[PDB]
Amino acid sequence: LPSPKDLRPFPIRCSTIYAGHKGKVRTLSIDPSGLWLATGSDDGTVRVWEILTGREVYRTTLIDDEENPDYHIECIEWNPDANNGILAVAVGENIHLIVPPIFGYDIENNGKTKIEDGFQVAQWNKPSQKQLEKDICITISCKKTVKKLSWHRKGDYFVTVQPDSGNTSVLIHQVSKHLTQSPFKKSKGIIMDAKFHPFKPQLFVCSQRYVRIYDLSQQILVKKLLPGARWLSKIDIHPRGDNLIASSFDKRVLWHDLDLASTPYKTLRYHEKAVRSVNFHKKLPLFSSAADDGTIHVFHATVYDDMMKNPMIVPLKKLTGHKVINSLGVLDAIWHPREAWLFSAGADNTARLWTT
């Protein structure tokens, strides 16, 4: 197998600290243009940052009582479609769609008109005056806490996870119609993650124990993965669509080759503590795991689409720098869409940029 030296580029150092949050950074997202990092924190704010300088350029306070242990900013993600300025934010039992005033008319109006056009498991509400001042354009109110949100590639649909909400633990929302639907009749376990396939009409649903793949067109289950863990935390799907990685609180990362077998192709043990995030690069043959030990591990993976060879996975680099706070370390991470750059969110109140 090739040495890391033969597998550059990959990140090896922290060049930039995004400093300002006054509480744990639970979630972060990079915008479609690859220039703007958004972060969500227990200090009750969402912030947007100029990625190469670390300069904070925007802040909105979504929770005025940030000391409240009952609800927090849980998950944020920029809409993936270019030039609409939309940021989705799950906080408590609500999803806000926010368009920050940092892009100008052509982009901001595109987002706002998209969200306004659409004008019972979930309710879609016009913002109050207080919410307008926070740059909220619409709010989707669910019955239970929303822990995870993920956009479909085309930027109209998004899926959310409400753990222990039974039949409505997984909801699919459609911005253009202000429509929320529960795709499933049956609740199978506590749901940890839900993600659309990169190009197939499929939804991947991660429970604590399994990953189930549904064909939304055929309306049927097509595969059930058996990772062999009791406490799955997150999944990501390889950009060419035939492989998956899964993190677990029991310190493992599982690679599943979806066509090869339902059990893990490879089990990676590179963390001393619970693994909170796994993330594929969208273009480069890289992925990462991030854990409560405060470390990020970076891997190479070559996938052989056509020929009878299984994936080649090579560890590249251990990234250290985040501080462990109350047994928590790196809470989230996301790759730049094009560069070998990784962004991480820390329990230590920082986000960080890791570069070559």
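When you see a residue number, it is the position in the sequence shown, counting from 1.
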{"item": "Extent of unmodelled deposited sequence, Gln120 relative to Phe119", "value": "10 or more"}
{"item": "Segment of higher mean CA temperature factor, 139-147 or 232-240", "value": "139-147"}
{"item": "Per the entry, higher mean C-alpha B factor between 288-296 and 58-66", "value": "58-66"}
{"item": "Options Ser165, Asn279, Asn109, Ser247 - largest CA temperature factor per the record", "value": "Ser165"}
{"item": "Out of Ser187, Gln202, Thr160, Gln174, residue topping the C-alpha B-factor column of the entry", "value": "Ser187"}
{"item": "Third of the chain's Cα B-factor distribution that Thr53 belongs to, per the entry", "value": "lowest"}
{"item": "CA B-factor ranking of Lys318, expressed as a third of its chain", "value": "middle"}
{"item": "Cα B factor band for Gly23 (lowest, middle or highest third within the chain)", "value": "middle"}
{"item": "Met312 - which third its CA temperature factor falls in, relative to the rest of the chain", "value": "highest"}
{"item": "Third assignment of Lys154 from its chain's C-alpha B-factors", "value": "middle"}
